[PDB]
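What follows is a single structure, written as structure tokens, with notes after it.
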Amino acid sequence: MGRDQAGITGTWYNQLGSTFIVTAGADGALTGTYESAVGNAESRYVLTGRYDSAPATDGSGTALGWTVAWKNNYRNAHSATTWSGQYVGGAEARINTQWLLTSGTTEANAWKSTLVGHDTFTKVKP
Amino acid sequence: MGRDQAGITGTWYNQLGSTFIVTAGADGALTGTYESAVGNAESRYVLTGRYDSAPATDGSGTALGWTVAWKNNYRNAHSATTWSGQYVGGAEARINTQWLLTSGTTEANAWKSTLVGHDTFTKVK
Amino acid sequence: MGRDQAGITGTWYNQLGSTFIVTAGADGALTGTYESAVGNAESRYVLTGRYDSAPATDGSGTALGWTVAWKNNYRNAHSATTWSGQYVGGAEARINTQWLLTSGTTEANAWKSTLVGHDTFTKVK
Amino acid sequence: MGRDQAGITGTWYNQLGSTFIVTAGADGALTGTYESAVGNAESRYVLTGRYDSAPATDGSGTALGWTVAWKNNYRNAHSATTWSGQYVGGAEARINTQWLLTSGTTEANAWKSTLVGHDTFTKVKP
Ligand SMILES: O=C1N[C@H]2[C@H](CS[C@H]2CCCCNC2CCC(C(=O)Nc3cccc4cccnc34)(C(=O)Nc3cccc4cccnc34)CC2)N1
Ligand SMILES: O=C1N[C@H]2[C@H](CS[C@H]2CCCCNC2CCC(C(=O)Nc3cccc4cccnc34)(C(=O)Nc3cccc4cccnc34)CC2)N1
Ligand SMILES: O=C1N[C@H]2[C@H](CS[C@H]2CCCCNC2CCC(C(=O)Nc3cccc4cccnc34)(C(=O)Nc3cccc4cccnc34)CC2)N1
Ligand code: NI
Ligand code: NI
Ligand code: NI
């Protein structure tokens with residue numbers, strides 16, 4: 001039912017070599033796994049998110065976001081990343097994102113809790 | 001059972017008057033609803049996220065994040081916010097966050113697609 | 001002269017205990033020194049920036065920003081912070097900011113080069 | 001002189017087609033002009049900033065940042081952008097940045113005051 005449900009669902013790769021496997025639901029849900037090529041991370045991590053299942057009709061992208069907490073059956077980095085961005089369809093579909101990575105900190109170190117960055121995902125590895 | 005499952009589960013209010021109702025699952029899931037006091041938003045929106053269910057024991061906070069897409073059965077703002085932050089428990093429990101709000105845009109307007117801000121959530125209004 | 005030249009010029013303090021000493025010029029310049037209470041920083045660092053010297057008259061704040069490179073005669077942290085925000089006048093004047101701290105990194109580590117945060121500066125603290 | 005004073009100094013273009021003309025001083029200063037290809041912007045705006053004039057020698061980039069207030073003799077957008085990033089010298093020199101654009105707002109609209117994005121600058125015009 002989602003306008004971009006079929007386009008979003010599948011396997012995506014970012015510029016770092018990370019792998020993002022996602023199913024878009026008709027209700028706006030995103031569910032899948034994330035494997036990071038960098039950082040204190042090994043194997044797949046659960047991800048969950050949301051996307052706009054009825055986007056604008058003027059050629060705009062489709063807003064979405066998702067979260068990974070960096071704990072799985074191998075490691076725990078005591079941190080979580082959220083990606084905020086939009087899906088852009090067409091011949092070379094892309095999910096363009098900016099992200100925030102927060103680590104658990106003491107109060108004294110809270111000022112340095114959060115990294116910001118940007119990831120671009122494609123359906124073919126770069 | 002997640003270490004902070006009981007502390008996170010419940011209702012949170014930010015500095016703007018928005019309301020965040022969340023259930024923390026034993027496996028690290030966050031599920032619930034968000035009601036925003038500002039912006040193109042009315043009634044409740046679905047939220048989903050994750051939290052660290054086995055955090056450090058050194059006094060550090062508990063890392064977490066969640067997403068809301070601003071579409072429900074009443075409105076659609078063609079946008080989505082992600083909050084990234086940490087839960088700090090105790091008498092004056094807090095969830096301290098930074099957030100990214102992306103709107104769907106044309107490619108030419110993508111440079112102005114994403115707002116950044118910070119929200120602090122407490123257990124009282 | 002700048003509309004908020006006199007209001008911005010002076011000594012400001014943020015929530016961490018850092019001190020921001022600034023002169024606003026009639027031409028939109030910001031020039032001064034920054035002393036950070038946290039991080040790889042000791043004593044004062046040069047700052048430079050810009051502000052809107054003819055802001056809106058509808059009660060809106062005054063947009064501004066400035067940079068500190070964390071090198072002085074005593075230390076070098078191989079990093080730089082930019083604060084982006086707005087000055088809000090009145091009995092309880094504030095400069096509300098969000099900031100980006102970038103450290104020099106190898107290309108392999110570029111994904112972790114930049115912190116984001118927020119500081120609120122007041123004239124009393 | 002700064003290690004990268006000669007390398008940073010010059011004319012740069014980002015992926016939007018904006019033009020960044022900058023002079024790096026031996027004292028860590030950045031001065032120059034910015035012309036944006038997008039937004040409420042016309043002609044050149046004053047910029048000022050700072051860079052690390054004695055960076056690490058381990059292959060790391062050179063940290064820097066600069067500000068533009070979007071007021072000149074032609075327009076006033078009641079806004080300011082700060083770019084935070086690092087200069088990477090060598091083959092295909094690049095300045096990689098993330099930026100924050102804050103507009104003056106009323107207190108009720110302060111939550112919507114700030115955009116975030118990322119710009120990459122090279123000396124080759126797109
Ligand atoms: O595809 C992809 N992959 C990437 C992108 C986006 S997700 C990303 C993959 C993430 C996989 C998990 N990577 C771990 C993160 C936590 C870690 C670390 O290196 N943290 C940090 C390093 C440098 C700067 C930081 C600033 C703020 C906070 N963290 C920063 C760490 O231990 N942090 C800390 C431990 C203990 C105390 C801390 C106190 C303050 C801050 N951090 C602390 C170890 C590596 N896209
Ligand atoms: O008033 C105030 N005060 C505060 C606020 C806003 S300004 C702030 C005061 C700043 C004073 C300078 N503080 C130094 C920063 C550089 C330092 C460090 O701790 N860096 C980092 C720590 C944690 C997370 C990081 C994420 C990304 C990158 N850095 C993070 C460091 O050595 N970093 C690094 C060294 C070598 C290689 C690196 C590779 C990647 C990242 N960092 C590297 C040492 C402390 N408001
Ligand atoms: O090279 C390059 N170029 C680009 C990049 C990085 S710099 C960039 C060039 C910038 C040149 C100036 N462009 C003006 C900015 C202000 C403007 C606008 O579109 N603002 C905004 C549009 C969309 C989202 C916003 C979110 C938050 C705030 N602004 C957003 C505007 O009028 N904003 C406002 C006016 C009145 C009230 C406001 C209240 C809240 C927020 N904004 C308000 C008009 C265009 N790299
Ligand atoms: Ni960390
Ligand atoms: Ni650092
Ligand atoms: Ni604006």
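Ligands are numbered from 1 in the order shown, residues from 1 within each chain, and chains are lettered A, B, ... in the order they appear in the structure tokens.
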Set the distance at 9 Å and use only C-alpha atoms: which residues neighbour residue 112 in chain B once local chain neighbours fewer than 6 positions away are removed? I'd like the list as a PDB file with N, CA, C and O atoms, in the first residue's frame.
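The result, written out as out.pdb:
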ATOM      1  N   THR B 102      13.732  15.851   9.034  1.00  0.00           N
ATOM      2  CA  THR B 102      13.884  15.913   7.589  1.00  0.00           C
ATOM      3  C   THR B 102      12.510  15.944   6.944  1.00  0.00           C
ATOM      4  O   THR B 102      11.648  15.106   7.239  1.00  0.00           O
ATOM      5  N   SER B 103      12.326  16.900   6.048  1.00  0.00           N
ATOM      6  CA  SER B 103      11.163  16.971   5.174  1.00  0.00           C
ATOM      7  C   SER B 103      11.514  16.435   3.793  1.00  0.00           C
ATOM      8  O   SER B 103      12.642  16.591   3.318  1.00  0.00           O
ATOM      9  N   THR B 105      11.892  16.775   0.067  1.00  0.00           N
ATOM     10  CA  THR B 105      12.145  17.941  -0.760  1.00  0.00           C
ATOM     11  C   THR B 105      12.477  17.478  -2.170  1.00  0.00           C
ATOM     12  O   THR B 105      12.798  16.312  -2.386  1.00  0.00           O
TER      13      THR B 105
ATOM     14  N   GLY D  39      19.252  29.860  -1.985  1.00  0.00           N
ATOM     15  CA  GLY D  39      18.698  30.560  -0.837  1.00  0.00           C
ATOM     16  C   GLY D  39      18.490  32.036  -1.110  1.00  0.00           C
ATOM     17  O   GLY D  39      18.560  32.532  -2.242  1.00  0.00           O
ATOM     18  N   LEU D 115      18.888  24.930  10.512  1.00  0.00           N
ATOM     19  CA  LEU D 115      19.151  23.876   9.547  1.00  0.00           C
ATOM     20  C   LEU D 115      20.542  23.300   9.757  1.00  0.00           C
ATOM     21  O   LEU D 115      21.473  23.998  10.163  1.00  0.00           O
ATOM     22  N   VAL D 116      20.697  22.034   9.391  1.00  0.00           N
ATOM     23  CA  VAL D 116      22.006  21.388   9.336  1.00  0.00           C
ATOM     24  C   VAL D 116      22.201  20.754   7.970  1.00  0.00           C
ATOM     25  O   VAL D 116      21.257  20.243   7.355  1.00  0.00           O
ATOM     26  N   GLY D 117      23.440  20.791   7.505  1.00  0.00           N
ATOM     27  CA  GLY D 117      23.762  20.187   6.231  1.00  0.00           C
ATOM     28  C   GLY D 117      25.243  19.922   6.135  1.00  0.00           C
ATOM     29  O   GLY D 117      25.986  20.010   7.108  1.00  0.00           O
TER      30      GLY D 117
END
For ligand 6, collect every residue having any atom at a distance of at most 12 Å from a ligand atom (counting only C-alpha atoms and all ligand atoms); output as a ChimeraX atom specification.
/B:112-115 /C:60,63 /D:39-40,70,76-81,100-106,109-116
Can you write just those residues out, N, CA, C and O atoms, as a tab-separated table (two decimals), in the first residue's frame?
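Done, and the output landed in again_1.tsv:
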chain	number	residue	atom	x	y	z
B	112	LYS	N	18.03	22.44	2.20
B	112	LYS	CA	17.21	22.95	3.31
B	112	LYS	C	16.22	21.90	3.80
B	112	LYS	O	15.16	22.21	4.33
B	113	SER	N	16.59	20.63	3.69
B	113	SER	CA	15.66	19.56	4.07
B	113	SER	C	15.63	19.27	5.57
B	113	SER	O	14.62	18.73	6.05
B	114	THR	N	16.69	19.59	6.32
B	114	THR	CA	16.88	18.98	7.64
B	114	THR	C	17.14	20.03	8.71
B	114	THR	O	18.12	20.78	8.64
B	115	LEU	N	16.25	20.08	9.71
B	115	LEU	CA	16.44	20.98	10.87
B	115	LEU	C	17.17	20.18	11.95
B	115	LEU	O	17.03	18.94	11.94
C	60	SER	N	11.93	39.05	16.75
C	60	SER	CA	12.83	37.94	16.49
C	60	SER	C	14.23	38.22	17.04
C	60	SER	O	14.65	39.37	17.20
C	63	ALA	N	20.55	36.78	14.43
C	63	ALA	CA	21.36	35.64	14.04
C	63	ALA	C	22.84	35.98	14.12
C	63	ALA	O	23.26	37.10	13.85
D	39	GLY	N	19.25	29.86	-1.98
D	39	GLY	CA	18.70	30.56	-0.84
D	39	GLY	C	18.49	32.04	-1.11
D	39	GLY	O	18.56	32.53	-2.24
D	40	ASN	N	18.21	32.75	-0.02
D	40	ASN	CA	17.99	34.19	-0.07
D	40	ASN	C	19.35	34.85	0.03
D	40	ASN	O	19.78	35.33	1.09
D	70	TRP	N	24.13	36.47	6.72
D	70	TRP	CA	23.53	36.67	5.40
D	70	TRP	C	22.93	38.06	5.22
D	70	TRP	O	21.80	38.23	4.74
D	76	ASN	N	19.13	40.82	3.15
D	76	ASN	CA	19.32	40.43	4.56
D	76	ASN	C	18.34	39.32	4.88
D	76	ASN	O	17.14	39.57	5.04
D	77	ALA	N	18.86	38.10	5.05
D	77	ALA	CA	18.04	36.93	5.34
D	77	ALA	C	17.89	36.70	6.84
D	77	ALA	O	17.34	35.67	7.23
D	78	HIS	N	18.41	37.61	7.66
D	78	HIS	CA	18.35	37.49	9.13
D	78	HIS	C	18.78	36.09	9.56
D	78	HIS	O	18.10	35.39	10.33
D	79	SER	N	19.93	35.68	9.05
D	79	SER	CA	20.41	34.32	9.22
D	79	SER	C	21.92	34.32	9.20
D	79	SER	O	22.55	35.26	8.72
D	80	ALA	N	22.51	33.27	9.78
D	80	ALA	CA	23.95	33.06	9.74
D	80	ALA	C	24.24	31.58	9.63
D	80	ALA	O	23.58	30.76	10.27
D	81	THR	N	25.24	31.24	8.81
D	81	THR	CA	25.70	29.87	8.67
D	81	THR	C	27.12	29.76	9.19
D	81	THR	O	27.95	30.63	8.92
D	100	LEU	N	25.72	24.64	10.10
D	100	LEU	CA	24.53	25.05	10.82
D	100	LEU	C	24.12	26.44	10.36
D	100	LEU	O	24.93	27.37	10.40
D	101	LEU	N	22.86	26.56	9.96
D	101	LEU	CA	22.25	27.82	9.51
D	101	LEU	C	21.18	28.14	10.54
D	101	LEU	O	20.22	27.38	10.68
D	102	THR	N	21.36	29.23	11.27
D	102	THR	CA	20.37	29.69	12.23
D	102	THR	C	19.73	30.98	11.73
D	102	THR	O	20.43	31.92	11.33
D	103	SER	N	18.40	31.01	11.77
D	103	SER	CA	17.63	32.23	11.53
D	103	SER	C	17.19	32.85	12.84
D	103	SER	O	16.91	32.15	13.82
D	104	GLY	N	17.11	34.18	12.85
D	104	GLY	CA	16.49	34.87	13.97
D	104	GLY	C	15.02	34.51	14.02
D	104	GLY	O	14.31	34.59	13.01
D	105	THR	N	14.54	34.11	15.19
D	105	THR	CA	13.15	33.72	15.33
D	105	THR	C	12.56	34.33	16.58
D	105	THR	O	13.27	34.75	17.49
D	106	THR	N	11.23	34.35	16.63
D	106	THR	CA	10.55	34.57	17.89
D	106	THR	C	10.81	33.37	18.81
D	106	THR	O	11.25	32.30	18.37
D	109	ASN	N	9.00	30.18	17.83
D	109	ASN	CA	9.51	29.49	16.65
D	109	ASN	C	10.97	29.08	16.80
D	109	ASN	O	11.59	28.69	15.81
D	110	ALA	N	11.54	29.19	18.00
D	110	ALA	CA	12.96	28.91	18.16
D	110	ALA	C	13.29	27.46	17.86
D	110	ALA	O	14.40	27.15	17.42
D	111	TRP	N	12.33	26.55	18.07
D	111	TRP	CA	12.56	25.14	17.78
D	111	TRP	C	12.86	24.92	16.30
D	111	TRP	O	13.48	23.91	15.95
D	112	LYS	N	12.43	25.81	15.42
D	112	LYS	CA	12.59	25.66	13.98
D	112	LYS	C	13.65	26.63	13.45
D	112	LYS	O	13.60	27.04	12.29
D	113	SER	N	14.57	27.09	14.27
D	113	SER	CA	15.51	28.13	13.88
D	113	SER	C	16.68	27.62	13.04
D	113	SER	O	17.30	28.43	12.36
D	114	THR	N	17.02	26.34	13.11
D	114	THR	CA	18.35	25.90	12.66
D	114	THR	C	18.30	24.73	11.68
D	114	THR	O	17.71	23.68	11.98
D	115	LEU	N	18.89	24.93	10.51
D	115	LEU	CA	19.15	23.88	9.55
D	115	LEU	C	20.54	23.30	9.76
D	115	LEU	O	21.47	24.00	10.16
D	116	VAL	N	20.70	22.03	9.39
D	116	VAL	CA	22.01	21.39	9.34
D	116	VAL	C	22.20	20.75	7.97
D	116	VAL	O	21.26	20.24	7.36
Would you mind reading off the distance between atom 2 (C, counted along the ligand's line) of ligand 2 and CA of residue 12 in chain C, one decimal, in Å?
11.9 Å
Please, which residues of chain C lie no more than 12 Å from chain A when the count uses only C-alpha atoms, and can they be set out as JSON, numbers by chain?
{"C": [14, 15, 16, 17, 36, 37, 38, 39, 40, 98, 99, 100, 101, 102, 103, 107, 108, 109, 110, 111, 112, 113, 114, 115, 116, 117, 118, 119]}
When distances are computed from only C-alpha atoms, which of C:57, C:73, C:33, C:67 shows the smallest separation from residue 54 in chain D?
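Closest residue, counting only C-alpha atoms: C:73.
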Among chain D, which residues carry a DSSP assignment of strand (DSSP E or B), reported as a PyMOL selection string?
chain D and resi 10-14+19-24+29-35+45-51+62-71+76-88+94-103+114-122
Measuring between only C-alpha atoms and all ligand atoms, which one of D:29, D:6, D:24, D:47 shows the shortest distance to ligand 3?
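Of all the options, D:47 lies closest to ligand 3.
Closest approach to chain A among D:126, D:84, D:1, D:121 is made by D:84 (distances from only C-alpha atoms).
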Contact residues around residue 49 in chain C with only C-alpha atoms at 6 Å, ignoring same-chain residues under 2 positions, as a count of residues only
5
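CA of residue 25 in chain B to CA of residue 85 in chain B spans 17.5 Å [interatomic distance, one decimal].
Using only C-alpha atoms, the protein and nucleic acid residues lying no more than 6 Å from residue 18 in chain D, apart from those fewer than 4 places from it along its own chain, are residues 13, 14, 35, 36 and 37 of chain D.
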Export of prior selection with C-alpha atoms as a compact mmCIF listing (two decimals), in the first residue's frame:
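Contents of the output file again12.txt:
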# COMPACT_ATOMS: atom_id res chain seq x y z
CA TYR D 13 33.35 25.66 -4.91
CA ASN D 14 30.88 23.36 -3.18
CA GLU D 35 28.58 33.70 -2.65
CA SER D 36 25.73 31.20 -2.31
CA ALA D 37 24.16 29.57 -5.36
If you run DSSP on the backbone, which residues of chain B are helix (DSSP H, G or I), as number ranges by chain?
B: 5-8, 110-112
File of the preceding selection, N, CA and C atoms, as a CSV table (one decimal), in the first residue's frame:
chain,number,residue,atom,x,y,z
B,5,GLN,N,14.4,-0.7,31.8
B,5,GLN,CA,13.0,-0.9,31.2
B,5,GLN,C,11.9,-0.2,32.0
B,6,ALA,N,12.0,-0.4,33.3
B,6,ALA,CA,10.9,0.3,34.1
B,6,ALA,C,11.1,1.8,34.2
B,7,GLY,N,12.3,2.3,34.2
B,7,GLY,CA,12.5,3.7,34.3
B,7,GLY,C,12.2,4.4,33.0
B,8,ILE,N,12.4,3.8,31.9
B,8,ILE,CA,12.1,4.5,30.6
B,8,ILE,C,10.6,4.4,30.3
B,110,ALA,N,17.2,20.1,-1.5
B,110,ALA,CA,17.7,19.2,-0.4
B,110,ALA,C,18.6,19.9,0.6
B,111,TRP,N,19.3,21.0,0.2
B,111,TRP,CA,20.1,21.6,1.2
B,111,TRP,C,19.3,22.2,2.4
B,112,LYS,N,18.0,22.4,2.2
B,112,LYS,CA,17.2,22.9,3.3
B,112,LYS,C,16.2,21.9,3.8
Please compute the CA of residue 125 in chain B-CA of residue 82 in chain A distance, one decimal, in Å.
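One can read the CA of residue 125 in chain B to CA of residue 82 in chain A distance as 25.8 Å.
Residues within 7 Å of residue 9 in chain B, counting only C-alpha atoms and excluding same-chain residues fewer than 5 positions away, are residues 22, 23 and 24 of chain B.
Ranking C:95, C:56, C:124, C:41 by their shortest atom-to-atom distance to ligand 2, with only C-alpha atoms and all ligand atoms included, puts C:41 first.
For residue 94 in chain B, the set of protein, DNA and RNA residues having any atom at most 9 Å away, when counting only C-alpha atoms and skipping those fewer than 4 positions along the same chain, is residues 12, 86, 87, 88, 89, 90, 120, 121, 122 and 123 of chain B.
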Which residues are near residue 92 in chain D? Cut-off 10 Å, only C-alpha atoms, ignore same chain within fewer than 5 positions. Put them as a PDB file with N, CA and C atoms, in the first residue's frame.
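Once everything was written out, this is part17.pdb:
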ATOM      1  N   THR D 122      35.867  21.936  -3.390  1.00  0.00           N
ATOM      2  CA  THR D 122      37.072  21.687  -4.164  1.00  0.00           C
ATOM      3  C   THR D 122      37.384  22.935  -4.979  1.00  0.00           C
ATOM      4  N   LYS D 123      38.600  23.008  -5.510  1.00  0.00           N
ATOM      5  CA  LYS D 123      38.971  24.158  -6.329  1.00  0.00           C
ATOM      6  C   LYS D 123      38.464  24.066  -7.771  1.00  0.00           C
ATOM      7  N   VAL D 124      37.828  22.964  -8.159  1.00  0.00           N
ATOM      8  CA  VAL D 124      37.253  22.795  -9.495  1.00  0.00           C
ATOM      9  C   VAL D 124      35.771  23.162  -9.456  1.00  0.00           C
TER      10      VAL D 124
END
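Proximity ranking of A:61, A:85, A:32, A:55 relative to chain D places A:85 first, based on only C-alpha atoms.
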